[PDB]
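Structure first, then comments.
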Amino acid sequence: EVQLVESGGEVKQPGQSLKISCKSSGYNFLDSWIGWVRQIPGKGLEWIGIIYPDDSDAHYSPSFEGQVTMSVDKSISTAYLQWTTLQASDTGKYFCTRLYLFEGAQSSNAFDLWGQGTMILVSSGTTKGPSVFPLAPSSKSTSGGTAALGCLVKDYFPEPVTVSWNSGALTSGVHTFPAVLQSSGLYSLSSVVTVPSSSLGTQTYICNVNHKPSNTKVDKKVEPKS
Amino acid sequence: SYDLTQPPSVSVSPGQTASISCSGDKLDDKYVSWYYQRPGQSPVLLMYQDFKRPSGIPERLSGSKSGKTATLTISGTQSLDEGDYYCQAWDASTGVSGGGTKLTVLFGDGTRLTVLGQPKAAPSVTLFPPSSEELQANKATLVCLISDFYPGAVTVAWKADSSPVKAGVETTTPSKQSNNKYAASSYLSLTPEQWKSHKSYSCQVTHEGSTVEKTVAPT
Amino acid sequence: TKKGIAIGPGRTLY
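Protein chains in written order, with PDB author numbering: chain H, 1 to 52, 52A, 53 to 82, 82A to 82C, 83 to 100, 100A to 100G, 101 to 215; chain L, 1 to 9, 11 to 95, 95A to 95F, 96 to 106, 106A, 107 to 213; chain P, 303 to 309, 312 to 318.
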């Protein structure tokens, strides 16, 4: 099929070199411009540059010029983006895309094919397991009948962590939030369970947190305050 | 080179038509293309040469341009239409000292489309003080859990006693809950000393212009 | 040519 397949995501340290790839298939690789775009998580699309595979003619964005280099290997239908020295500001999801030339009544171009993206995280943070703290039951439904309790999964790197309750036995009323990235470069998230206030004195609540990168497994009992 | 301006957000009711603008100094003579992007996914081409739809794109989506403004119009909007929309164009110029024409791909900052598929629902706010365990670890984190709200957008303001506090604050983008409503979380990192020295800390959430706040104090 | 990029009406490079 007609597509662009990019290399795998990586966590890099600032100062390190990097080269990511984009393998094209399904059409004549040499004849269509290839573009690169970066998207910082939660932000918009930022143009990096375009390169013509047949002759390597290239146009760069002033924001990326001299910081990254575009190249292609015609023999293997692959386009690359490379850095000599990474900076934390290089963090982001990098997409390669094909500029198609529509040969209609009037000619025009558009990026019709897009790779799946390559997530590059440039951080000086070391792989670390989180500290898990209980979030003791607190009235949720105006002291009517439900309460909210949970677990704070603090300071881990990199993502992700998985959170279960009662070894997977409890699934109803559970919500595990996306993580936040704090100024320390470490992530934190919370998982909350909404439960009947009348159960706080009978039912047991244990959150099971697993952070595979650090081989960290923690079980934390969440009990009512005092 | 010229900047492409888009409204950061557009709201629409299901079945009605939504319009997204894109303005730029040279757009009146530059072809505009539009792209759609669902959270976590890759962009998809929706329109090119101002008004042309690539194969597979439904007729209910149209593109136009008047003056320096390009417009993407989505009729018969549906919940699945939610996501980000980006306009794109080009700039071409030759350096004063030569070197041939230099090309630039320009992107608008994007517009997030919201399709109001259910009634407005005010958020429930639960504020958790630092756990005794975290305090015994010489740390303190206040956790503000926001839930059951719609649409999925809120702003959070923290206060130390009565003064605004922005340092050490982190908030997640609202995520859908099992019941189709939204939830969000906000964190305030403090030192045990700060936690102990103030009379209270508060988390005030604003949803659709209305506020809901919770306050906590050292045990 | 196939390397052509049309910026707008009456304006195409390559």
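Quick reminder that beta carbons are idealized off the backbone N, C-alpha and C, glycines included.
At the level of alpha carbons, what is the spacing between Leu28(L) and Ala100F(H)?
Here residue 28(L) corresponds to residue number 27 of the second sequence, with the count starting at 1. Here residue 100F(H) corresponds to residue number 110 of the first sequence, with the count starting at 1. Each residue's Cα considered, the two are about 15 Å apart.
For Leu129(L), three-class secondary structure by DSSP:
Your numbering for residue 129(L) matches position 135 in the second sequence. Correct three-state label for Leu129(L): helix.
Kindly identify the DSSP beta-bridge partner or partners of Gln89(L).
Counted from its first residue, the second sequence places residue 89(L) at position 88. In DSSP, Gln89(L) forms a bridge with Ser34(L) and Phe102(L).
Report all residues from its chain with a CB closer than 6 Å to the CB of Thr165(H); omit the five preceding and five following residues, and keep chain order.
To locate residue 165(H), count along the first sequence from 1; it is residue 176. Correct list, in chain order: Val152 and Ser180.
Three Cβ pairs or more, each shorter than 8 Å: is that satisfied between the stretch 167-181 of chain L and the stretch 123-142 of chain L?
yes
Within 8 Å of any Cβ in chain H, is that where the Cβ of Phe52(L) sits?
Here residue 52(L) refers to the residue found at position 51 when the second sequence is read from its first residue. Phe52(L) does not count as touching chain H.
Through-space distance from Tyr194(H) to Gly8(H), alpha-carbon basis
Locating residue 8(H) in the first sequence gives position 8, where the first residue counts as 1. Locating residue 194(H) in the first sequence gives position 205, where the first residue counts as 1. Going by the C-alpha atoms only, they are around 38 Å apart.
Is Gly103(L) buried or exposed, if buried means 16 or more other CB atoms sit within 10 Å of its CB?
Here residue 103(L) is taken as the residue at index 108 of the second sequence, counted from 1. Buried.
As an exercise, report each continuous beta strand (DSSP E) stretch of at least 3 residues that is fully enclosed by the stretch 7-46 of chain H, in chain order.
10-12, 18-25 and 34-39
Out of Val163(L), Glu207(L), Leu81(L) and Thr95(L), which has the shortest C-alpha to C-alpha gap to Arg106A(L)?
On the second sequence, residue 106A(L) is found 112 positions in, with the first residue counted as 1. Ranking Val163(L), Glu207(L), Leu81(L) and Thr95(L) by Cα distance to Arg106A(L) puts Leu81(L) first.
Would a C-beta distance cut-off of 8 Å place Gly106(H) and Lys89(H) closer than the cut-off?
As a working mapping, residue 106(H) is identified with position 117 in the first sequence. As a working mapping, residue 89(H) is identified with position 93 in the first sequence. Yes, the Cβ-Cβ distance between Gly106(H) and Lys89(H) is below 8 Å.
Inter-stretch contact at 8 Å, needing at least 3 Cβ pairs: the stretch 130-139 of chain H / the stretch 103-119 of chain H:
no
Counting only beta-carbon separations shorter than 8 Å, does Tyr52(H) have a partner in chain P?
One-based indexing of the first sequence puts residue 52(H) at position 52. Taking Cβ atoms only, chain P reaches closer than 8 Å to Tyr52(H), which makes this a yes.
Nearest to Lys12(H) (by Cα), restricted to the options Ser173(H), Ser113(H) and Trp154(H):
Taking the first residue of the first sequence as 1, we reach residue 12(H) at position 12. Closest by alpha carbon: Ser113(H).
When DSSP builds the beta bridges, which residues end up paired with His201(L)?
Here residue 201(L) refers to the residue found at position 207 of the second sequence. Answer by DSSP bridge pairing, in chain order: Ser204(L).
Between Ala93(L) and chain P, is there a C-beta pair that is closer than 8 Å?
The residue you call residue 93(L) lines up with position 92 of the second sequence. Answer yes: the Cβ-Cβ gap between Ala93(L) and chain P drops below 8 Å somewhere.
From the DSSP output, which residues share a beta bridge with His192(L)?
Position 198 of the second sequence holds residue 192(L). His192(L) pairs with nothing; no bridge assigned.
Taking buried to mean at least 16 other C-beta atoms within 10 Å of its own C-beta, is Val148(L) buried or exposed?
In the second sequence, counting from the first residue as 1, residue 148(L) sits at position 154. So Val148(L) counts as buried.
From the DSSP output, read off the bridge partner residues of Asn199(H).
Position 210 of the first sequence holds residue 199(H). Beta-bridge pairing links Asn199(H) to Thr151(H) and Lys206(H).
Could you tell me whether the Cβ atoms of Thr95(L) and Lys97(L) are closer together than 8 Å?
Translated into the one-based positions of the second sequence, residue 95(L) becomes position 94. Translated into the one-based positions of the second sequence, residue 97(L) becomes position 102. Contact: yes.
Looking at the strands, I want to know which residues DSSP matches up with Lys117(H).
Here residue 117(H) corresponds to residue number 128 of the first sequence, with the count starting at 1. In DSSP, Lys117(H) forms a bridge with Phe146(H).
Looking at C-alpha atoms only, which residue of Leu129(L), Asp142(L), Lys133(L) and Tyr32(L) is the closest neighbour of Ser130(H)?
In the first sequence, residue 130(H) corresponds to position 141, counting from 1. That would be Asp142(L), whose Cα lies nearest to the Cα of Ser130(H).
Kindly provide the ranges of any beta strand (DSSP E) runs that are 3 or more residues long and lie completely inside the stretch 155-187 of chain H, ordered along the chain.
163-165 and 176-185
In angstroms with no decimal places, state the Cα-to-Cα distance between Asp155(L) and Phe122(L).
If you number the second sequence from 1, residue 155(L) lands on position 161. If you number the second sequence from 1, residue 122(L) lands on position 128. Straight-line Cα distance between these residues: approximately 16 Å.
Assign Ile58(L) to one of three DSSP states: helix, strand, or coil.
Locating residue 58(L) in the second sequence gives position 57, counting from the first residue. In this structure, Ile58(L) counts as coil in the three-state DSSP scheme.
For the putative contact between residue 217(H) and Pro119(H), defined by C-beta atoms under 8 Å, what is the C-beta separation to the nearest angstrom?
Absent from the model: residue 217(H). The displayed extent of chain H is 1 to 215, so no value can be given.
Go ahead and pull the three-state DSSP assignment for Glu99(H).
Numbered from 1 along the first sequence, position 103 holds the residue referred to as residue 99(H). Of the three classes helix, strand and coil, the one that applies to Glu99(H) here is strand, per DSSP.
Just to confirm before moving on: does the CB-CB distance between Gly42(H) and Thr167(L) stay below 8 Å?
Position 42 of the first sequence, counted from the first residue, corresponds to residue 42(H). Position 173 of the second sequence, counted from the first residue, corresponds to residue 167(L). Yes, these two residues count as a Cβ contact at 8 Å.
What residue from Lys69(L), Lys31(L) and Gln89(L) has the CA that sits closest to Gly44(H)'s CA?
In the first sequence, counting from the first residue as 1, residue 44(H) sits at position 44. Comparing Cα positions, the closest option is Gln89(L).
So, for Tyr59(H): in the same chain, excluding its five sequence neighbours on each side, which residues have a beta-carbon less than 6 Å away from its beta-carbon?
By 1-based counting over the first sequence, the position of residue 59(H) is 60. Cβ neighbours of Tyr59(H) beyond the five flanking positions: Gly49.
What's the call for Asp30(L), buried or exposed, on a 16-neighbour Cβ count within 10 Å?
The residue labelled residue 30(L) in the question sits at position 29 within the second sequence. By the 10 Å Cβ count, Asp30(L) comes out exposed.
What are the boundary residues of the beta strand (DSSP E) that includes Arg315(P)?
Residue 315(P) sits at position 11 when you count from the first residue of the third sequence. Segment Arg315 to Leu317, the beta strand (DSSP E) holding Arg315(P).
Looking only at C-alpha atoms, which of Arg38(H), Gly26(H), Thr205(H) and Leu30(H) sits nearest to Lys117(H)?
As a first step, residue 117(H) must be located in the first sequence, where it is residue number 128. Comparing Cα positions, the closest option is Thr205(H).
Beta carbon of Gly104(H), beta carbon of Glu6(H): below 8 Å?
On the first sequence, position 115 is the one that residue 104(H) refers to. On the first sequence, position 6 is the one that residue 6(H) refers to. Their beta carbons are under 8 Å apart, which means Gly104(H) touches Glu6(H) by this criterion.
Which bits of chain L does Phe146(H) rub up against, with CB to CB less than 7 Å?
Position 157 of the first sequence holds residue 146(H). Near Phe146(H) there are no residues of chain L at all, since even the closest Cβ is about 15 Å away, more than 7 Å.
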